[PDB]
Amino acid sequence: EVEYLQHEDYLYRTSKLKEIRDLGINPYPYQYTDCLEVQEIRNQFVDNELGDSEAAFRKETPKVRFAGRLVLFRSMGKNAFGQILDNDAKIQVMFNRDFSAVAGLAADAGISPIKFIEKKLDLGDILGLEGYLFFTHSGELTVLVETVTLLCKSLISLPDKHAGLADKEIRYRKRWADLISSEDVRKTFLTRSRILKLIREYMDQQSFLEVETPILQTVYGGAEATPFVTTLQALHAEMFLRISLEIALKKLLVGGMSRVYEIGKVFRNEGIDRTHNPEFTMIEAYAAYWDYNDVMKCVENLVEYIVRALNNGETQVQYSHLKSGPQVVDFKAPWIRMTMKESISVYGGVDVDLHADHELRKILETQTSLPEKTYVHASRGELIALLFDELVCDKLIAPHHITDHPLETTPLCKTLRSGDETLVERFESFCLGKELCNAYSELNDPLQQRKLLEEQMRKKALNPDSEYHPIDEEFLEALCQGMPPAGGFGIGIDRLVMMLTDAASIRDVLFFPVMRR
């Protein structure tokens, strides 16, 4: 049920439409040409020795044309004052009974321009303003309006400027009301767009080529996640939405492209929380002839570059929403490097290699809240990965690279070049307690790759709930063609944006996050 259709404001505003048309005025006209942005006007004349209001009345000061939403209005008799919001910038306007005209309002109309402005316009209407600049004596840049043009008649009132909890929840769907009302929300989303641009700048300077690969595939992989499934009618075929970019980009390495990246939507059909939306944006990037130590430098340099460009060359950022209180994190490279084992000793208090497997499980029972089913029959590598999750991850506030993970954690990474085949040359980057990056010395031994994908699914099929996952033969054939040694990474871009915009929730960095009905 659409409630506003019976609201008093909607009925009152719509009844003005016929009145305005009867005056010969189109309430939804076609353009407003030669229209400067309020912010460009500010930048052009704020540092400038403009006249006072009487100079504007004398038409001696600069004449400007601009447009925006009427967000404040006060009638003062012969004069009226208002505020126009244009694309995150505001400017004061002044209407005068003698000076101001309404476009399309005939001289022999039954209503004066100033009365039209008071009675037929409303807060929320979009207006085109042409007039003369001046400074109030308080220094407020103001426009004496010579001609006002109605550009859009709004039919509901402005949103409440200061949302309580319930209004905020609705504005995650009705995002336009958030963008109208909140300077902070507007700035968050402008910064997000700048971050995406800075990423492309950095990768391009490093000679990576940006590509696109399919979201809809007959397979899925390159991560551990439940997929979305859909039906292609033309071929009467089930398709998956990709859970990662990895396999497709690796095929491009085989194809001879030495440095590729993609910034794209990936889809994981799982739970929704402060750091998880089912549709999210990743960059994956791959450079032939690199290993994971090369990738580590690329990832920290990328993030430092973004932060410096946003914060006047500074590398420190304030984040306010951790349960432990406000933090300052420094993204200056190099970030801290630790092995997973080292991080469990330093932050967890457990030297993993001094304990047998049986002793590790007792620590998990006593020092964590993991259910017995999680660790009762897990392997040594799986137990180490669990100790990290529970005793370490939350403590990684400053930027950390965590290196050398158990082989169990992934089938797509080479093992340690030293010969230790129980650990892989993987790292995950953490900041503010949350995972930010995943990177490998990429596996390109086709026989070893097949064996790990075979051993993975035999283990994955041990759980009766994991959807069966057939081996991606096309990928193995591409590796037989020959993939160069390579180093690759994947960064959750929404999470990066949260850290850099002081966003408490991923819902704050997506225009339209997934919401309950």
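The numbering used is simple: start at 1 and walk along the sequence shown.
Averaged over CA atoms, B-factors in the entry run higher in 461-469 than in the other of 461-469 and 57-65.
When the C-alpha B-factors of 276-284 and 387-395 are averaged, 387-395 comes out higher. Per the deposited record, 373 carries the highest C-alpha B-factor of all listed residues (120, 78, 373, 265).
Of the candidates 353, 88, 184, 210, the deposited coordinates give 353 the top C-alpha B factor. In the PDB entry, a CA B factor belonging to the lowest third of its chain's modelled residues is recorded for residue 72.
Sort the chain's modelled residues by C-alpha temperature factor and residue 193 lands in the lowest third, per the entry. Sort the modelled residues of the chain by CA B factor and residue 251 lands in the middle third.
In the PDB entry, a CA B factor belonging to the lowest third of its chain's modelled residues is recorded for residue 26.
Annotation for residue 478: CA B-factor lies in the middle third of the chain's modelled residues.
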